[PDB]
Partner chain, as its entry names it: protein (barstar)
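Shown here is one chain on its own, the form deposited without the partner chain, set out as structure tokens.
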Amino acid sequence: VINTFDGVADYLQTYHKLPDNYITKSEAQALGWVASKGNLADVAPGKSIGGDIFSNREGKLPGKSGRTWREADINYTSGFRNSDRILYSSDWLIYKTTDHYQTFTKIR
């Protein structure tokens, strides 16, 4: 239902949580999600992967003590996951990537 960059971005800054169509990878695995099969839409119709913590290993997103980053899939409808993610901090900084976490730019 809400899975666009702008849509999810505004939902997060206002309501401080993901829309209802998101499930973490753990949740999805528990419903029978097998990444190598690209089946998420069969076991969880209308859902997207989102809410997992993003480690920011490469220190690309701005870091701060106490700030945790999470991710969510954008523009997903079916099949294997795409390369689009929204990155959101606990202080509601919003970044996007369209290249599998290689490049980030600010959107809120």
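Residue numbers count along the first chain shown, from 1.
Although it is not shown, the form solved in complex with the partner chain is what the next lines describe.
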Problem - Any non-hydrogen atom of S83 within 4.5 angstroms of the partner chain in the deposited complex - result: yes
Problem - Contact label in the deposited complex: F54 to the partner chain, heavy atom within 4.5 Å - result: yes
Practice task
Give a yes/no on whether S36 approaches the partner chain to within 4.5 Å in the deposited complex, heavy atoms considered.
Solution key: yes
